[PDB]
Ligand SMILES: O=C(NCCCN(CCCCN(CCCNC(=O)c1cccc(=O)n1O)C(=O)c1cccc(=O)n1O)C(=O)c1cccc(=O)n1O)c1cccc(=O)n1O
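Have a look below at one chain only, the form solved without the named molecule, in structure tokens format.
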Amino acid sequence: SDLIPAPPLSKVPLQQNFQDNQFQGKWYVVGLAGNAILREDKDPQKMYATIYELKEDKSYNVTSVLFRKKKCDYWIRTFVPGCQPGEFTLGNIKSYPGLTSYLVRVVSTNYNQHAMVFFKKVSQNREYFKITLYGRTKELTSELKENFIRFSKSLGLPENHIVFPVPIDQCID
């Protein structure tokens, strides 16, 4: 199992002045890229969504929804504020078999339109990294999508490892 090496953090920007309250709400995953992300053609990835909710202890209750096989699959997650506003670790790791690492980095966002988030984790000892292009709506500008493509590449990902989930109306509305 061969993988493209996770980029060195110094290459992953952090959203200047992150506002955890404004980043709340529903986000559409309009762009996906990772060393474990492949541009399938016989069955293109469907768009799923992720809802971020602040807890009073300032942690996020991240829950996602995807339409898998005639149903909505929901998966919960708790992000815990890291060392700098915008960074996050995984709450209750250890309740996730094979997980020794997990990190989130809000690269950039305008809180109303879009956002770019970098994730990196170590499962089974294999290092995985990915980047989601978030959209407040199910679609966005070409400017934003090529910016996403540009960044993914700066991290070592070939076009091939960059995909745009096709918009759907099931479960993510």
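Numbering starts at 1 and follows the sequence shown.
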**Request:** Pick between 128-136 and 52-60: the one whose mean CA B-factor in the entry is higher.
**Result:** 52-60
**Asked** Mean CA B-factor: is it higher for 74-82 or for 92-100?
**Response** 92-100
**Lowest, middle or highest third - CA B-factor, residue 21** = middle
**Message:** Which third, lowest, middle or highest, does the C-alpha temperature factor of residue 163 belong to within its own chain?
**Reply:** lowest
**Item:** Where the record places residue 116 (Cα B-factor, split into thirds across the chain)
**Value:** middle
**Request:** Just say lowest, middle or highest third for the CA B-factor of residue 36 relative to the other modelled residues in its chain.
**Result:** middle
**Request:** Consider only the C-alpha atoms of the modelled residues in this chain, order them by B-factor as the entry records it, and name the third containing residue 29: lowest, middle or highest.
**Result:** lowest
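Only in words, not in the display: the form solved in complex with the named molecule, which the text now covers.
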**Item:** Contact assignment for the named molecule in the entry with it bound, among 114, 145, 130, 105, heavy atom within 4.5 Å
**Value:** 130
**Asked** At the 4.5 Å heavy atom threshold, is residue 66 in contact with the named molecule in the entry with it bound?
**Response** yes
**Asked** Heavy atom to heavy atom, is residue 37 within 4.5 Å of the named molecule in the entry with it bound?
**Response** yes
**Item:** 4.5 Å heavy atom contact with the named molecule in the entry with it bound for all of 48, 96 and 121
**Value:** yes
